[PDB]
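Starting off, we have a lone chain in the form deposited in one PDB entry, written out as structure tokens.
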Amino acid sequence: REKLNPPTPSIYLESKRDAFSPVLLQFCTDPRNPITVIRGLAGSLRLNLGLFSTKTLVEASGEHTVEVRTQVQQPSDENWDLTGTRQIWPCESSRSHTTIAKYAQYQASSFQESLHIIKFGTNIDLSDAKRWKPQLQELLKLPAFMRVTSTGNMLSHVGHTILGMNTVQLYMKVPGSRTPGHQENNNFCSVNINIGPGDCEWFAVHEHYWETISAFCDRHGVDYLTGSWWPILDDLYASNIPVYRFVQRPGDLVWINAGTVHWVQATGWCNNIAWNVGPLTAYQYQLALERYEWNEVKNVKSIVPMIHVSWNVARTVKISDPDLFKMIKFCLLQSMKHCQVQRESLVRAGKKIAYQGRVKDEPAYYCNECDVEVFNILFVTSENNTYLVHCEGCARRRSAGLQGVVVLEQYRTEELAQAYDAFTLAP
């Protein structure tokens, strides 16, 4: 009863100096704290939350696109079937698109009408640095490990944009607005700040229980990884799964630790901003690679290209944690062997490989057909200036085989071997 309703790890920062303490990093990344709420963070850091107010956003970019989710308004601990007799797991929302100005008007008018179907403004893109300069500069006041960009954040070594992960997303909400259950892409940590003026209610389960939650989704007819679902709490309690529940008030920052399963509902009218962080720790990296592998089994795109990222961190960051070092070193070796096996079988087949190289800000490539990361050896076809990249398997599966397929190598064996050899444990 007490164990199934654990208290939520909470922190108040008395000053700006408290927020920059290494103890804060330690507490938030601790595998025992699946979720942390930092009360009054905006205040303690003198963050100008007014820069993300609905009025300021409309002024900044009122015609900016907003993905709208249309939903039935219901209590945060309920999700009813269509007949209204039964709780169900699937949480269905109509997708559509509007502008910030239009959602703003609905948000403002909704609020006055107070002084049942709703609309939730979701995944609003704040990536354009010029369009959102004062907003993004404000987030430089955060301690390094929570910033959008940082040397200790894996997402800062991708070398290019991953929308919604290493760029900020905005959510504009009215009461009842729901974000259904998920783990973050590749189990990365998440940062969320409530601009407010209202509250959000959060629900969270520790990473350890994710397979049981996955089994419920399958039992209840919805895809765990990609589907839209809202847990029935009695089902979780009956399975002895502790559920963290709390309110995030305006100015509160929520830190969602690696792999934490979470879902959220607005209690009032508010805006939230969010992004991902990948702290360079053994715990984060292991969870990120586990999901990377599981994603492949389930044919779900890994939005973080973990092989590309591992090479990049290997080239530029000094790793002192020996557990993390061993994990990365292994991944790198496995990557070199995979590339070697491909080159050898292509040479035995009599197929030429052109050296292409890498250019600045180049994306990581994925297979057109199956969405796996395609690292280094690229199987390229010409669709109709339209080049498509394929993995080895999908290329071989073509009816004419590798005829008409151009094979490109982005890193020579020696480039990889030399980066690998220079990757050593820092003291």
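Rigid core (definition): largest C-alpha set, two forms, superposition within 1.5 Å. Position 1 is the first residue in the sequence shown; the rest follow in order.
Per the compared records, residue 384 is unresolved in at least a third of the other entries whose models span it. Modelled in this chain, residue 155 is likewise resolved in all the other entries of the protein that span it on both sides, not missing from even a third of them. The gap between residue 399 and residue 400 holds no unmodelled residues of the deposited sequence. Mean CA B-factor, 143 to 151 versus 178 to 186: the higher value falls on 143 to 151. Checked against the record, the higher mean CA B factor of 92 to 100 and 345 to 353 lies with 92 to 100. The top Cα temperature factor in the record, among 201, 296, 207, 290, falls on 296.
When the Cα B-factors of 257, 114, 286, 310 are read from the PDB record, 114 comes out highest. Among all modelled residues in its chain, residue 119 ranks in the middle third by Cα B-factor. In the PDB entry, residue 220 places in the middle third of its chain by CA B-factor.
Residue 227: CA B factor in the middle third of modelled residues in this chain (values from the PDB entry). Residue-level temperature factors show residue 262 in the lowest third of its chain, judged at the C-alpha atom. For residue 108, the recorded CA B-factor ranks within the highest third of the chain. Only modelled residues enter the ranking.
Although it is not shown, the form deposited with a partner chain bound is what the next lines describe.
Scanning 48, 56, 368, 33 against its partner chain in the bound PDB entry with a 4.5 Å heavy atom cut-off leaves one residue, 368. Here is the short version: of 73, 93, 98, 239, the single residue with a heavy atom within 4.5 Å of its partner chain in the bound PDB entry is 93. Taken together, 147, 247 and 251 are entirely out of contact with its partner chain in the bound PDB entry: none brings a heavy atom within 4.5 Å. Taking the partner from the other structure, its partner chain in the bound PDB entry has a heavy atom within 4.5 Å of a heavy atom of residue 357. Proximity of residue 125 to its partner chain in the bound PDB entry: non-hydrogen atoms within 4.5 Å are present. The shortest heavy atom separation between residue 212 and its partner chain in the bound PDB entry exceeds 4.5 Å. Interface membership of residue 399, defined by any non-hydrogen atom within 4.5 Å of its partner chain in the bound PDB entry, is ruled out. Contact with its partner chain, judged by heavy atoms within 4.5 Å in the bound PDB entry, is confined among 341 to 349, 230 to 238, 315 to 323, 181 to 189 to 181 to 189.
In this overlay on the rigid core, residue 401 has a C-alpha that sits 2 Å or more away from its partner position between this form and the one not shown.
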